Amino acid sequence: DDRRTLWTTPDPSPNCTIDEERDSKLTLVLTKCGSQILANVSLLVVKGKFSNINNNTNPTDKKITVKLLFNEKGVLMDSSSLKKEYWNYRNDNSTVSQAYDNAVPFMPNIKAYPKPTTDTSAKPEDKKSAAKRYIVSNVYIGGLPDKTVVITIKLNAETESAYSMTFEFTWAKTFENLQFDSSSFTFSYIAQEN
């Protein structure tokens, strides 16, 4: 039993809805290293549209969005892309018996990543960072170096939640009969506390 790891499991059952119910397996591991969460994420789409990307037949199919929305206790809300049953603290290679009550120490820090406001100040010195809540990099479908995908992670940008972590996968290339299967990506973010 391990409250320093919040994860899917390492080998989840279909646990993620992109197009149809549970069409994907999100493997997401959050490990608390004090003031930072060390995050690791991979996504396999097992059925439906993104199990077979074809941008000759479907030229608009170039984006996948996975949304994790959390309430003020850091509990996953039902409106999340990820399903709740095996999103929990680590026990061995599974989850603790019952649903967690609190994961605030795993939430994106609300000072670093405040909930977006519509501030009326033009003055570039009054600007709140737009970019700081983003992690943007590349992952590779099948770990093939030519199959470039942009991964965009955004923290606490979702309006209808206390905290949020969204994963956006986009590609410019024309993929042809290609199962969405992302090489693993590691990032970190500043942690909230109790």
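Throughout, we count residues from 1 along the sequence that is shown.
- For the pair 2 to 10 and 183 to 191, the mean B factor over Cα atoms is greater in 2 to 10.
- In this entry, the higher average B-factor at the C-alpha atoms falls on 55 to 63, of the pair 55 to 63 and 39 to 47.
- Of the candidates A122, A112, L82, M107, the one whose C-alpha carries the top B factor in the deposited record is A122.
- In this PDB entry, the Cα temperature factor of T159 sits in the top third of its chain's modelled residues, the highest group.
- Among the modelled residues of its chain, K128 has a C-alpha B-factor that falls in the highest third according to the deposited record.
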